[PDB]
Amino acid sequence: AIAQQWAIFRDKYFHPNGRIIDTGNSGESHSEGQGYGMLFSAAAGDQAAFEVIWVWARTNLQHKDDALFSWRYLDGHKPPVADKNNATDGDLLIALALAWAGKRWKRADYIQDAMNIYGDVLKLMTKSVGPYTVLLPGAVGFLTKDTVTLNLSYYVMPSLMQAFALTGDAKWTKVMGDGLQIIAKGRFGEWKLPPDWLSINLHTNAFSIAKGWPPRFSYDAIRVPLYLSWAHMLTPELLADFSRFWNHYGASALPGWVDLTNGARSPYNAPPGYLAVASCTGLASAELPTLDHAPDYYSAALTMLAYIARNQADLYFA
């Protein structure tokens, strides 16, 4: 149950000033982490926590000249938020959490906050690429005159759906629909999996695995099947492909990464958060792991996302 799992997450990673901090990377907070804290506390109904997590993120990470968020606060760096680059998944997670909080607690200011973020994602983080409108992963380091790099796991599909519900802007429909087209096509290797990082050539529209990171399905890409399932956008074709992958390795041996150019897998197995995702997307036979057994912060956050997607309590924020 979400409130009980949030209580475990909160005990481990929440601080009274509103910061979410991974105990194993104790000198930083991220926009994605504040977004998770806000999303989980909104889903669990913990308004006292939500309020301080949002105030901390707004005060320390939100930009002056737009509504997006600097990706990291680095303790002891002078100044602590020296890199102003954003991470679009953090922006979209924070916006979704504000939308949920504003609906459940009747707070029009939280709805306005969400709409300000969504407006700037649409304005600053979309680009026309070939026949598509794409969602950029951040302002710096992903777009050149020759190629665009996309992170398909930054298509936080329930957040894009919320943005359309709030605005009625048909461009959100185009971003989502082109995203599904890109995900269908940008799959690689013997398992036909999406990469952590995709490249589209701006002069030819050819798709490839992006240079600059190992050519893997791993810690980013494993969100993709989760967001597609959660948003009811996972096609039969794709569900069958993910199911074949999970069941080849089995619940006891899911890989932490798979190389999409040669099929090599990590020697070690994935954390329980991957099992949570697989259980929602075709693994035989699907109950969710609990956070008291989480080996690390990454796994705990991914497992919580799976609890929210499963929505056993059948809550809908409106």
# chains A, B, ... in the order shown; residues from 1 in each chain; ligands from 1
>>> residues_around(residues="segment 56-71 of chain A", least_positions_apart="3", cutoff="8 Å", atoms="only C-alpha atoms", output="compact mmCIF listing (two decimals) with N, CA and C atoms, in the first residue's frame")
# COMPACT_ATOMS: atom_id res chain seq x y z
N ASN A 17 14.29 19.67 5.89
CA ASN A 17 14.34 20.87 5.05
C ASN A 17 13.71 20.66 3.68
N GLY A 18 13.26 19.45 3.35
CA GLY A 18 12.64 19.20 2.07
C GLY A 18 13.53 18.51 1.06
N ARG A 19 14.81 18.26 1.39
CA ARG A 19 15.71 17.61 0.45
C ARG A 19 15.48 16.11 0.42
N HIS A 30 18.82 16.15 -6.62
CA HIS A 30 18.57 16.27 -8.06
C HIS A 30 17.14 16.71 -8.30
N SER A 31 16.87 17.34 -9.43
CA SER A 31 15.48 17.66 -9.75
C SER A 31 14.63 16.40 -9.87
N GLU A 32 15.21 15.31 -10.39
CA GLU A 32 14.46 14.06 -10.49
C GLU A 32 14.12 13.54 -9.10
N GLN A 34 13.82 15.34 -6.20
CA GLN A 34 12.77 16.16 -5.61
C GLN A 34 11.42 15.82 -6.25
N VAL A 52 7.14 20.97 1.97
CA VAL A 52 8.55 21.33 2.17
C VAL A 52 9.43 20.85 1.01
N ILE A 53 9.12 19.69 0.41
CA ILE A 53 9.91 19.23 -0.73
C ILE A 53 9.77 20.19 -1.91
N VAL A 81 24.50 25.27 -6.88
CA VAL A 81 23.76 25.02 -8.12
C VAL A 81 24.45 25.79 -9.24
N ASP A 83 25.66 24.48 -12.26
CA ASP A 83 25.29 24.02 -13.60
C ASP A 83 23.79 24.24 -13.75
N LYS A 84 23.41 25.14 -14.66
CA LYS A 84 22.00 25.48 -14.83
C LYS A 84 21.28 24.56 -15.80
N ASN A 85 21.97 23.59 -16.40
CA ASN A 85 21.30 22.66 -17.31
C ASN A 85 20.17 21.93 -16.59
N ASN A 86 19.09 21.67 -17.31
CA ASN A 86 17.93 20.97 -16.77
C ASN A 86 17.92 19.52 -17.24
N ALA A 87 17.09 18.72 -16.59
CA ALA A 87 16.79 17.36 -17.01
C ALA A 87 15.28 17.29 -17.18
N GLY A 90 13.04 15.32 -14.77
CA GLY A 90 12.80 16.00 -13.51
C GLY A 90 11.74 17.08 -13.62
N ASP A 91 11.84 17.91 -14.66
CA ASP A 91 10.83 18.94 -14.90
C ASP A 91 9.43 18.33 -14.98
N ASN A 116 2.89 26.43 -15.45
CA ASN A 116 4.08 27.20 -15.81
C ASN A 116 5.22 26.29 -16.27
N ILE A 117 5.45 25.18 -15.55
CA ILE A 117 6.49 24.24 -15.97
C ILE A 117 6.15 23.63 -17.32
N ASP A 120 6.80 25.87 -20.27
CA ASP A 120 8.20 26.03 -20.64
C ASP A 120 8.83 24.75 -21.20
N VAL A 121 8.38 23.56 -20.77
CA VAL A 121 8.82 22.34 -21.45
C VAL A 121 8.40 22.37 -22.92
>>> residues_around(residues="residue 50 of chain A", least_positions_apart="4", cutoff="7 Å", atoms="only C-alpha atoms", output="short mmCIF file (atom, residue, chain, number, x, y, z; two decimals) with N, CA, C and O atoms, in the first residue's frame")
data_model
loop_
_atom_site.label_atom_id
_atom_site.label_comp_id
_atom_site.auth_asym_id
_atom_site.auth_seq_id
_atom_site.Cartn_x
_atom_site.Cartn_y
_atom_site.Cartn_z
N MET A 38 8.08 14.60 -4.31
CA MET A 38 6.81 15.28 -4.48
C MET A 38 5.74 14.33 -5.02
O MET A 38 4.60 14.32 -4.53
N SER A 41 4.82 11.65 -2.20
CA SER A 41 4.08 12.26 -1.10
C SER A 41 2.69 12.71 -1.53
O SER A 41 1.74 12.59 -0.75
N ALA A 42 2.54 13.20 -2.77
CA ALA A 42 1.20 13.52 -3.27
C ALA A 42 0.34 12.27 -3.38
O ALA A 42 -0.83 12.27 -2.97
N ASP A 46 0.64 12.82 1.91
CA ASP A 46 1.46 13.39 2.97
C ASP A 46 1.75 14.85 2.61
O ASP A 46 2.79 15.19 2.03
N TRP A 54 8.55 20.64 -2.18
CA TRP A 54 8.34 21.62 -3.24
C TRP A 54 8.99 22.97 -2.93
O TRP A 54 9.65 23.55 -3.79
#
>>> closest_residue(among="A:48, A:150, A:240, A:166", to="residue 211 of chain A", atoms="only C-alpha atoms")
A:150
>>> atom_distance(atom1="atom CA of residue 309 of chain A", atom2="atom CA of residue 230 of chain A")
5.2 Å
>>> closest_residue(among="A:246, A:226, A:310, A:316", to="residue 2 of chain A", atoms="only C-alpha atoms")
A:310
>>> closest_residue(among="A:216, A:233, A:297, A:312", to="residue 26 of chain A", atoms="only C-alpha atoms")
A:297
>>> residues_around(residues="residue 128 of chain A", least_positions_apart="3", cutoff="12 Å", atoms="only C-alpha atoms", output="list in words")
residues 122, 123, 124, 125, 131, 132, 133, 134, 135, 136, 143, 148, 171, 174, 175, 178, 200, 202 and 205 of chain A
>>> write_last_selection(atoms="N, CA, C and O atoms", output="mmCIF file, in the first residue's frame")
data_model
loop_
_atom_site.group_PDB
_atom_site.id
_atom_site.type_symbol
_atom_site.label_atom_id
_atom_site.label_comp_id
_atom_site.auth_asym_id
_atom_site.auth_seq_id
_atom_site.Cartn_x
_atom_site.Cartn_y
_atom_site.Cartn_z
ATOM 1 N N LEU A 122 7.140 22.716 -23.180
ATOM 2 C CA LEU A 122 6.666 22.753 -24.560
ATOM 3 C C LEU A 122 7.419 23.795 -25.373
ATOM 4 O O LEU A 122 7.769 23.554 -26.539
ATOM 5 N N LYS A 123 7.688 24.955 -24.772
ATOM 6 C CA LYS A 123 8.317 26.055 -25.499
ATOM 7 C C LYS A 123 9.817 25.834 -25.699
ATOM 8 O O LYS A 123 10.345 26.114 -26.780
ATOM 9 N N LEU A 124 10.523 25.348 -24.678
ATOM 10 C CA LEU A 124 11.981 25.296 -24.714
ATOM 11 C C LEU A 124 12.553 23.914 -25.006
ATOM 12 O O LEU A 124 13.702 23.826 -25.451
ATOM 13 N N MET A 125 11.802 22.838 -24.764
ATOM 14 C CA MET A 125 12.346 21.485 -24.838
ATOM 15 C C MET A 125 11.715 20.651 -25.941
ATOM 16 O O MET A 125 11.790 19.423 -25.889
ATOM 17 N N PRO A 131 10.074 14.344 -39.587
ATOM 18 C CA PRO A 131 8.609 14.434 -39.509
ATOM 19 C C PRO A 131 8.052 14.503 -38.095
ATOM 20 O O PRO A 131 6.834 14.388 -37.933
ATOM 21 N N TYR A 132 8.895 14.691 -37.080
ATOM 22 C CA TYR A 132 8.499 14.603 -35.684
ATOM 23 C C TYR A 132 8.640 15.942 -34.977
ATOM 24 O O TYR A 132 9.392 16.826 -35.396
ATOM 25 N N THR A 133 7.927 16.057 -33.857
ATOM 26 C CA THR A 133 8.253 17.008 -32.805
ATOM 27 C C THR A 133 8.772 16.175 -31.645
ATOM 28 O O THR A 133 8.061 15.287 -31.162
ATOM 29 N N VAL A 134 10.013 16.428 -31.233
ATOM 30 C CA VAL A 134 10.679 15.597 -30.232
ATOM 31 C C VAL A 134 10.793 16.356 -28.921
ATOM 32 O O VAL A 134 10.750 17.590 -28.870
ATOM 33 N N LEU A 135 10.947 15.585 -27.843
ATOM 34 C CA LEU A 135 11.190 16.106 -26.503
ATOM 35 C C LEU A 135 12.678 15.984 -26.184
ATOM 36 O O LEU A 135 13.204 14.870 -26.072
ATOM 37 N N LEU A 136 13.362 17.137 -26.027
ATOM 38 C CA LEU A 136 14.791 17.149 -25.723
ATOM 39 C C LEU A 136 15.030 16.792 -24.254
ATOM 40 O O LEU A 136 14.233 17.156 -23.385
ATOM 41 N N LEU A 143 21.841 18.560 -28.475
ATOM 42 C CA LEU A 143 21.419 19.001 -29.798
ATOM 43 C C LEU A 143 22.583 19.702 -30.475
ATOM 44 O O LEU A 143 23.124 20.675 -29.937
ATOM 45 N N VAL A 148 20.410 14.977 -32.971
ATOM 46 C CA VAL A 148 19.737 15.176 -31.698
ATOM 47 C C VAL A 148 19.856 13.886 -30.901
ATOM 48 O O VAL A 148 19.743 12.791 -31.463
ATOM 49 N N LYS A 171 -0.520 20.401 -29.385
ATOM 50 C CA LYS A 171 0.899 20.088 -29.527
ATOM 51 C C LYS A 171 1.327 18.990 -28.559
ATOM 52 O O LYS A 171 2.219 18.194 -28.881
ATOM 53 N N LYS A 174 0.649 15.819 -30.253
ATOM 54 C CA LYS A 174 1.645 15.533 -31.281
ATOM 55 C C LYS A 174 2.943 15.023 -30.664
ATOM 56 O O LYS A 174 3.553 14.082 -31.184
ATOM 57 N N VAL A 175 3.373 15.619 -29.551
ATOM 58 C CA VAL A 175 4.583 15.151 -28.872
ATOM 59 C C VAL A 175 4.433 13.700 -28.430
ATOM 60 O O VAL A 175 5.338 12.873 -28.623
ATOM 61 N N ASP A 178 4.147 11.350 -31.678
ATOM 62 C CA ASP A 178 5.456 11.180 -32.297
ATOM 63 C C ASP A 178 6.385 10.381 -31.393
ATOM 64 O O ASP A 178 7.204 9.597 -31.888
ATOM 65 N N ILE A 200 19.088 10.736 -33.473
ATOM 66 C CA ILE A 200 18.451 10.916 -34.779
ATOM 67 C C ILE A 200 19.301 11.906 -35.569
ATOM 68 O O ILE A 200 19.601 13.001 -35.077
ATOM 69 N N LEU A 202 19.937 14.720 -38.058
ATOM 70 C CA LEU A 202 19.065 15.806 -38.488
ATOM 71 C C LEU A 202 19.066 16.003 -39.996
ATOM 72 O O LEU A 202 18.148 16.645 -40.525
ATOM 73 N N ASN A 205 17.382 11.763 -40.996
ATOM 74 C CA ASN A 205 16.373 11.096 -40.168
ATOM 75 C C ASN A 205 16.732 9.659 -39.806
ATOM 76 O O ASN A 205 15.866 8.917 -39.329
#
>>> select_by_dssp(residues="segment 135-175 of chain A", states="alpha helix (DSSP H)", output="VMD selection string")
chain A and resid 157 to 167 170 to 175
>>> residues_around(residues="residue 194 of chain A", least_positions_apart="5", cutoff="7 Å", atoms="only C-alpha atoms", output="number ranges by chain")
A: 183, 186-188, 217, 221
>>> closest_atom_pairs(of="segment 193-281 of chain A", to="segment 152-165 of chain A", cutoff="10 Å", atoms="only C-alpha atoms", output="JSON lines")
{"residue": "A:194", "atom": "CA", "partner": "A:152", "partner_atom": "CA", "distance": 7.6}
{"residue": "A:195", "atom": "CA", "partner": "A:152", "partner_atom": "CA", "distance": 7.7}
{"residue": "A:196", "atom": "CA", "partner": "A:152", "partner_atom": "CA", "distance": 7.0}
{"residue": "A:197", "atom": "CA", "partner": "A:152", "partner_atom": "CA", "distance": 7.1}
{"residue": "A:198", "atom": "CA", "partner": "A:152", "partner_atom": "CA", "distance": 7.4}
{"residue": "A:219", "atom": "CA", "partner": "A:153", "partner_atom": "CA", "distance": 9.5}
{"residue": "A:220", "atom": "CA", "partner": "A:153", "partner_atom": "CA", "distance": 5.9}
{"residue": "A:221", "atom": "CA", "partner": "A:153", "partner_atom": "CA", "distance": 5.5}
{"residue": "A:222", "atom": "CA", "partner": "A:153", "partner_atom": "CA", "distance": 7.5}
{"residue": "A:223", "atom": "CA", "partner": "A:153", "partner_atom": "CA", "distance": 5.5}
{"residue": "A:224", "atom": "CA", "partner": "A:153", "partner_atom": "CA", "distance": 5.0}
{"residue": "A:225", "atom": "CA", "partner": "A:153", "partner_atom": "CA", "distance": 8.8}
{"residue": "A:226", "atom": "CA", "partner": "A:153", "partner_atom": "CA", "distance": 9.2}
{"residue": "A:227", "atom": "CA", "partner": "A:157", "partner_atom": "CA", "distance": 5.6}
{"residue": "A:228", "atom": "CA", "partner": "A:157", "partner_atom": "CA", "distance": 6.7}
{"residue": "A:229", "atom": "CA", "partner": "A:157", "partner_atom": "CA", "distance": 9.3}
{"residue": "A:230", "atom": "CA", "partner": "A:158", "partner_atom": "CA", "distance": 7.0}
{"residue": "A:231", "atom": "CA", "partner": "A:158", "partner_atom": "CA", "distance": 5.5}
{"residue": "A:232", "atom": "CA", "partner": "A:158", "partner_atom": "CA", "distance": 9.3}
{"residue": "A:233", "atom": "CA", "partner": "A:157", "partner_atom": "CA", "distance": 8.6}
>>> atom_distance(atom1="atom CA of residue 180 of chain A", atom2="atom CA of residue 318 of chain A")
25.1 Å
>>> closest_residue(among="A:193, A:244, A:300, A:285", to="residue 261 of chain A", atoms="only C-alpha atoms")
A:193
>>> closest_residue(among="A:168, A:76, A:280, A:23", to="residue 311 of chain A", atoms="only C-alpha atoms")
A:280
>>> atom_distance(atom1="atom CA of residue 139 of chain A", atom2="atom CA of residue 277 of chain A")
28.9 Å
>>> residues_around(residues="residue 253 of chain A", least_positions_apart="6", cutoff="9 Å", atoms="only C-alpha atoms", output="number ranges by chain")
A: 268-270
